[PDB]
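Working notes, structure below.
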Number of protein chains: 4
Amino acid sequence: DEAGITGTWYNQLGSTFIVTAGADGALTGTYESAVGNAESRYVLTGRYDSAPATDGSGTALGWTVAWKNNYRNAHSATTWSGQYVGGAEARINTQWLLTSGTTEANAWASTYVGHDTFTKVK
Amino acid sequence: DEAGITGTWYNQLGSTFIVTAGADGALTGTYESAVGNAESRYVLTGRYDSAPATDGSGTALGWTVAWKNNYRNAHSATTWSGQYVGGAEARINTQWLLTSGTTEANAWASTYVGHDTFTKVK
Amino acid sequence: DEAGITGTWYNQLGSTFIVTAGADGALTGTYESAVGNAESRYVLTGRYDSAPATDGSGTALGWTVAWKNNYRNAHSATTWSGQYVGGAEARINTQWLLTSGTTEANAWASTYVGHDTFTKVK
Amino acid sequence: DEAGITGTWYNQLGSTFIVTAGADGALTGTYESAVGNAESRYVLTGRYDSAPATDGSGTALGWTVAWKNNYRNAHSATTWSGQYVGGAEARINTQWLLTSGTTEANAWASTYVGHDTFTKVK
């Protein structure tokens, strides 16, 4: 599913995920968040299963954005872990962890958890 | 903290995380899990905050491993999201999400969550 | 929102959440999972914010089910943490953690994470 | 493990978890957080597996605190999901989800995730 994953994806917040899937399992591209302490595009990288099961299962994948670019630095990183599901209404269904750099006293509150669903439309 | 992060790290399970931190925010290297459906080294990639706060806060980072190599394919991916804390007993404190490729009927059970602490010793 | 929360709720899997909200912040009732190692109803208990903000924010709440009843014992417990949002299309938006009893060797894989959205219809 | 679980527990932050395990699977008691927007004791309730496996596995359990008492209201709830491990150095190993009541615009950032380990000492 190199073909299936590569391209522009959109989540329920209106964020834009632009990815290229490599034959080797690499994910590279850019992320633009519609929310939070974010402006414009941020580098992403990640990995995907380049030889998924042929029993109708999804394709496992994940990627990271560190929220620093030329405009802003939110001193934080998000990882998305999920699976690509192909077909007429292709989706990437994810859960994510957003960690901030914190002092040791605040480290208990360093990490948000959430879920994003990406589609090829909207 | 390019210097601080780059090198060999070990978690509480005895897994080995070998990383290079790029001046640009890139993380590249290899991961070897002491547990699960895993053998030998797997590619990782990720990102880190290359200009962290100077108020004693940690450095945010994350990375992904897709559990396919020349030996095995576990049809799964783990993302670690966390922060690097420098000093005499440097640590990377993480939480992680492990997603399997699943059928739609099993997708509710696709994702494990856990936490790993990495040190430069053991 | 004692009135708003009390009643029968349904999630996207077709599970049924039957709850009573107490004036004191208590949640009591029963849960029936449409999936997994589950049959019929299981006891639940939990808590909710009985004096929520009046600025349009949701109402925080959570509850637990241990997956033992007279029929089955899945040696596991799920906690849902979320917020109630009132109005024409009332919802309870949750994330959940499902922990199994494990041996120490398997404890890294003890916990699933997911998300459920409950509505008053279907 | 009604006997094993019932009593006073302490986590790595110095919080105090006071619980009674019922023969029926109920957990009742009080929680006092050493951190966050919290003062004094808060009601908790939860559930545990009252007939765990006899193969050396832990005992699954969970509980909820809504962060309202006579002193403060943090408009939030935490759920802990985990397992009790008996013996000389008994532990309750948990992961937790802390949800705030939010506006719909902030709901993506409503939930923290973390992990607490409880012991009978300190």
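Letters A, B, ... mark the chains of the structure tokens in the order given; residue numbers begin at 1 per chain; ligand numbers begin at 1, in order shown.
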*Please determine the contact residues of chain C with respect to chain B at a cut-off of 7 Å, counting only C-alpha atoms, and supply them as a ChimeraX atom specification.*
/C:108-109,111-114
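For residue 6 of chain A, the set of protein, DNA and RNA residues having any atom at most 6 Å away, when counting only C-alpha atoms and skipping those fewer than 5 positions along the same chain, is residues 19, 20 and 21 of chain A.
Between residue 38 of chain C and the residues C:65, C:73, C:50, C:55, the shortest atom-to-atom distance, using only C-alpha atoms, involves C:73.
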Which residues are near segment 78-90 of chain D? Cut-off 8 Å, only C-alpha atoms, ignore same chain within fewer than 3 positions. Put them as a PDB file with N, CA, C and O atoms, in the first residue's frame.
ATOM      1  N   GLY C  62     -16.147   9.522  34.763  1.00  0.00           N
ATOM      2  CA  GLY C  62     -15.474   8.269  34.461  1.00  0.00           C
ATOM      3  C   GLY C  62     -16.150   7.138  35.132  1.00  0.00           C
ATOM      4  O   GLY C  62     -16.870   7.346  36.120  1.00  0.00           O
ATOM      5  N   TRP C  63     -15.918   5.946  34.648  1.00  0.00           N
ATOM      6  CA  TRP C  63     -16.449   4.735  35.268  1.00  0.00           C
ATOM      7  C   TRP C  63     -15.603   3.530  34.954  1.00  0.00           C
ATOM      8  O   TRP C  63     -14.785   3.536  34.034  1.00  0.00           O
ATOM      9  N   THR C  64     -15.805   2.475  35.745  1.00  0.00           N
ATOM     10  CA  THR C  64     -15.064   1.223  35.662  1.00  0.00           C
ATOM     11  C   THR C  64     -16.043   0.065  35.527  1.00  0.00           C
ATOM     12  O   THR C  64     -17.100   0.036  36.232  1.00  0.00           O
ATOM     13  N   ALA C  77     -10.334  -5.337  33.400  1.00  0.00           N
ATOM     14  CA  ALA C  77     -11.152  -4.189  33.807  1.00  0.00           C
ATOM     15  C   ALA C  77     -10.994  -3.081  32.782  1.00  0.00           C
ATOM     16  O   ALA C  77      -9.822  -2.847  32.357  1.00  0.00           O
ATOM     17  N   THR C  78     -12.065  -2.406  32.436  1.00  0.00           N
ATOM     18  CA  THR C  78     -11.970  -1.207  31.583  1.00  0.00           C
ATOM     19  C   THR C  78     -12.376   0.006  32.371  1.00  0.00           C
ATOM     20  O   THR C  78     -13.356  -0.041  33.155  1.00  0.00           O
ATOM     21  N   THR C  79     -11.656   1.115  32.220  1.00  0.00           N
ATOM     22  CA  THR C  79     -12.038   2.427  32.721  1.00  0.00           C
ATOM     23  C   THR C  79     -12.285   3.326  31.533  1.00  0.00           C
ATOM     24  O   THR C  79     -11.449   3.394  30.630  1.00  0.00           O
ATOM     25  N   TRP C  80     -13.391   4.060  31.554  1.00  0.00           N
ATOM     26  CA  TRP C  80     -13.696   5.094  30.576  1.00  0.00           C
ATOM     27  C   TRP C  80     -13.531   6.409  31.264  1.00  0.00           C
ATOM     28  O   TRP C  80     -14.102   6.618  32.368  1.00  0.00           O
ATOM     29  N   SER C  81     -12.842   7.364  30.687  1.00  0.00           N
ATOM     30  CA  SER C  81     -12.664   8.738  31.149  1.00  0.00           C
ATOM     31  C   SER C  81     -13.117   9.665  30.049  1.00  0.00           C
ATOM     32  O   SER C  81     -12.720   9.509  28.910  1.00  0.00           O
ATOM     33  N   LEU C  97      -9.179   2.613  28.940  1.00  0.00           N
ATOM     34  CA  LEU C  97      -8.022   1.753  29.198  1.00  0.00           C
ATOM     35  C   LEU C  97      -8.549   0.419  29.658  1.00  0.00           C
ATOM     36  O   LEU C  97      -9.287   0.354  30.678  1.00  0.00           O
ATOM     37  N   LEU C  98      -8.173  -0.643  28.999  1.00  0.00           N
ATOM     38  CA  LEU C  98      -8.594  -2.033  29.332  1.00  0.00           C
ATOM     39  C   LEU C  98      -7.357  -2.759  29.810  1.00  0.00           C
ATOM     40  O   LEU C  98      -6.449  -3.040  28.991  1.00  0.00           O
ATOM     41  N   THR C  99      -7.276  -3.067  31.088  1.00  0.00           N
ATOM     42  CA  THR C  99      -6.134  -3.815  31.660  1.00  0.00           C
ATOM     43  C   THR C  99      -6.495  -5.249  31.960  1.00  0.00           C
ATOM     44  O   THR C  99      -7.542  -5.456  32.580  1.00  0.00           O
ATOM     45  N   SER C 100      -5.686  -6.188  31.542  1.00  0.00           N
ATOM     46  CA  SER C 100      -5.816  -7.616  31.890  1.00  0.00           C
ATOM     47  C   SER C 100      -4.901  -7.900  33.059  1.00  0.00           C
ATOM     48  O   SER C 100      -3.764  -7.391  33.075  1.00  0.00           O
ATOM     49  N   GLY C 101      -5.292  -8.853  33.901  1.00  0.00           N
ATOM     50  CA  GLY C 101      -4.304  -9.492  34.798  1.00  0.00           C
ATOM     51  C   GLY C 101      -3.319 -10.318  34.027  1.00  0.00           C
ATOM     52  O   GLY C 101      -3.713 -11.135  33.179  1.00  0.00           O
ATOM     53  N   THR C 111      -2.328  -3.694  28.632  1.00  0.00           N
ATOM     54  CA  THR C 111      -3.303  -2.599  28.578  1.00  0.00           C
ATOM     55  C   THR C 111      -3.613  -2.171  27.156  1.00  0.00           C
ATOM     56  O   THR C 111      -2.692  -1.794  26.469  1.00  0.00           O
TER      57      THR C 111
ATOM     58  N   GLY D   4      -5.714  -8.367  50.368  1.00  0.00           N
ATOM     59  CA  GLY D   4      -4.510  -7.805  49.739  1.00  0.00           C
ATOM     60  C   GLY D   4      -4.737  -6.373  49.275  1.00  0.00           C
ATOM     61  O   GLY D   4      -3.843  -5.553  49.413  1.00  0.00           O
ATOM     62  N   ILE D   5      -5.892  -6.086  48.714  1.00  0.00           N
ATOM     63  CA  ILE D   5      -6.130  -4.741  48.114  1.00  0.00           C
ATOM     64  C   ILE D   5      -6.560  -3.735  49.173  1.00  0.00           C
ATOM     65  O   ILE D   5      -6.177  -2.550  49.153  1.00  0.00           O
ATOM     66  N   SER D  57      -0.872 -14.656  37.601  1.00  0.00           N
ATOM     67  CA  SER D  57      -1.305 -13.366  37.005  1.00  0.00           C
ATOM     68  C   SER D  57      -1.733 -12.381  38.086  1.00  0.00           C
ATOM     69  O   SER D  57      -2.229 -12.765  39.162  1.00  0.00           O
ATOM     70  N   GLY D  58      -1.631 -11.089  37.773  1.00  0.00           N
ATOM     71  CA  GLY D  58      -2.162 -10.003  38.590  1.00  0.00           C
ATOM     72  C   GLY D  58      -3.689 -10.000  38.594  1.00  0.00           C
ATOM     73  O   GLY D  58      -4.329 -10.705  37.846  1.00  0.00           O
ATOM     74  N   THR D  59      -4.251  -9.140  39.421  1.00  0.00           N
ATOM     75  CA  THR D  59      -5.700  -8.955  39.586  1.00  0.00           C
ATOM     76  C   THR D  59      -6.076  -7.619  38.930  1.00  0.00           C
ATOM     77  O   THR D  59      -5.703  -6.565  39.446  1.00  0.00           O
ATOM     78  N   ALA D  60      -6.919  -7.675  37.917  1.00  0.00           N
ATOM     79  CA  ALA D  60      -7.346  -6.446  37.216  1.00  0.00           C
ATOM     80  C   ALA D  60      -8.284  -5.612  38.086  1.00  0.00           C
ATOM     81  O   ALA D  60      -9.155  -6.143  38.821  1.00  0.00           O
ATOM     82  N   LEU D  61      -8.137  -4.291  37.991  1.00  0.00           N
ATOM     83  CA  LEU D  61      -8.970  -3.349  38.746  1.00  0.00           C
ATOM     84  C   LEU D  61      -8.939  -1.952  38.115  1.00  0.00           C
ATOM     85  O   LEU D  61      -8.083  -1.664  37.237  1.00  0.00           O
ATOM     86  N   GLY D  62      -9.894  -1.140  38.530  1.00  0.00           N
ATOM     87  CA  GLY D  62      -9.896   0.254  38.117  1.00  0.00           C
ATOM     88  C   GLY D  62     -10.713   1.072  39.038  1.00  0.00           C
ATOM     89  O   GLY D  62     -11.579   0.531  39.742  1.00  0.00           O
ATOM     90  N   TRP D  63     -10.488   2.359  39.034  1.00  0.00           N
ATOM     91  CA  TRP D  63     -11.282   3.292  39.829  1.00  0.00           C
ATOM     92  C   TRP D  63     -11.278   4.676  39.235  1.00  0.00           C
ATOM     93  O   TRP D  63     -10.445   5.016  38.395  1.00  0.00           O
ATOM     94  N   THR D  64     -12.237   5.487  39.683  1.00  0.00           N
ATOM     95  CA  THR D  64     -12.458   6.848  39.212  1.00  0.00           C
ATOM     96  C   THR D  64     -12.468   7.799  40.401  1.00  0.00           C
ATOM     97  O   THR D  64     -13.075   7.479  41.470  1.00  0.00           O
ATOM     98  N   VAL D  65     -11.888   8.980  40.220  1.00  0.00           N
ATOM     99  CA  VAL D  65     -12.045  10.169  41.091  1.00  0.00           C
ATOM    100  C   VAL D  65     -12.534  11.306  40.236  1.00  0.00           C
ATOM    101  O   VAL D  65     -11.912  11.611  39.195  1.00  0.00           O
ATOM    102  N   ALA D  66     -13.661  11.930  40.574  1.00  0.00           N
ATOM    103  CA  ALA D  66     -14.027  13.252  40.050  1.00  0.00           C
ATOM    104  C   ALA D  66     -13.483  14.318  40.973  1.00  0.00           C
ATOM    105  O   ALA D  66     -13.673  14.214  42.217  1.00  0.00           O
ATOM    106  N   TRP D  67     -12.775  15.290  40.438  1.00  0.00           N
ATOM    107  CA  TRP D  67     -11.962  16.219  41.259  1.00  0.00           C
ATOM    108  C   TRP D  67     -12.779  17.396  41.836  1.00  0.00           C
ATOM    109  O   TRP D  67     -12.403  18.574  41.724  1.00  0.00           O
ATOM    110  N   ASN D  93      -0.027  -1.562  39.796  1.00  0.00           N
ATOM    111  CA  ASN D  93       0.583  -0.897  38.617  1.00  0.00           C
ATOM    112  C   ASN D  93      -0.533  -0.371  37.721  1.00  0.00           C
ATOM    113  O   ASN D  93      -1.381  -1.196  37.312  1.00  0.00           O
ATOM    114  N   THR D  94      -0.586   0.918  37.497  1.00  0.00           N
ATOM    115  CA  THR D  94      -1.700   1.555  36.761  1.00  0.00           C
ATOM    116  C   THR D  94      -1.228   2.408  35.618  1.00  0.00           C
ATOM    117  O   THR D  94      -0.108   2.937  35.577  1.00  0.00           O
ATOM    118  N   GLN D  95      -2.166   2.577  34.697  1.00  0.00           N
ATOM    119  CA  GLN D  95      -2.155   3.708  33.767  1.00  0.00           C
ATOM    120  C   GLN D  95      -3.426   4.492  34.007  1.00  0.00           C
ATOM    121  O   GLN D  95      -4.395   3.918  34.522  1.00  0.00           O
ATOM    122  N   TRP D  96      -3.429   5.774  33.704  1.00  0.00           N
ATOM    123  CA  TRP D  96      -4.549   6.649  34.013  1.00  0.00           C
ATOM    124  C   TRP D  96      -4.862   7.591  32.894  1.00  0.00           C
ATOM    125  O   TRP D  96      -3.980   7.930  32.076  1.00  0.00           O
ATOM    126  N   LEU D  97      -6.107   8.024  32.884  1.00  0.00           N
ATOM    127  CA  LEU D  97      -6.621   9.018  31.940  1.00  0.00           C
ATOM    128  C   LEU D  97      -7.283  10.103  32.749  1.00  0.00           C
ATOM    129  O   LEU D  97      -8.231   9.814  33.527  1.00  0.00           O
ATOM    130  N   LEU D  98      -6.874  11.330  32.572  1.00  0.00           N
ATOM    131  CA  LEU D  98      -7.432  12.515  33.282  1.00  0.00           C
ATOM    132  C   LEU D  98      -8.141  13.352  32.242  1.00  0.00           C
ATOM    133  O   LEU D  98      -7.470  13.963  31.377  1.00  0.00           O
ATOM    134  N   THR D  99      -9.457  13.400  32.281  1.00  0.00           N
ATOM    135  CA  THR D  99     -10.255  14.220  31.341  1.00  0.00           C
ATOM    136  C   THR D  99     -10.795  15.465  32.001  1.00  0.00           C
ATOM    137  O   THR D  99     -11.353  15.336  33.093  1.00  0.00           O
ATOM    138  N   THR D 119       2.412   1.443  46.139  1.00  0.00           N
ATOM    139  CA  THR D 119       2.986   0.510  47.141  1.00  0.00           C
ATOM    140  C   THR D 119       2.313   0.727  48.479  1.00  0.00           C
ATOM    141  O   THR D 119       1.737   1.756  48.734  1.00  0.00           O
ATOM    142  N   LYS D 120       2.480  -0.257  49.362  1.00  0.00           N
ATOM    143  CA  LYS D 120       1.961  -0.150  50.747  1.00  0.00           C
ATOM    144  C   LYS D 120       2.890   0.652  51.628  1.00  0.00           C
ATOM    145  O   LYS D 120       2.433   0.941  52.722  1.00  0.00           O
TER     146      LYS D 120
END
_DSSP-assigned strand (DSSP E) among chain C, expressed as a VMD selection string_ = chain C and resid 7 to 10 16 to 21 26 to 32 42 to 48 59 to 68 73 to 85 91 to 100 111 to 119
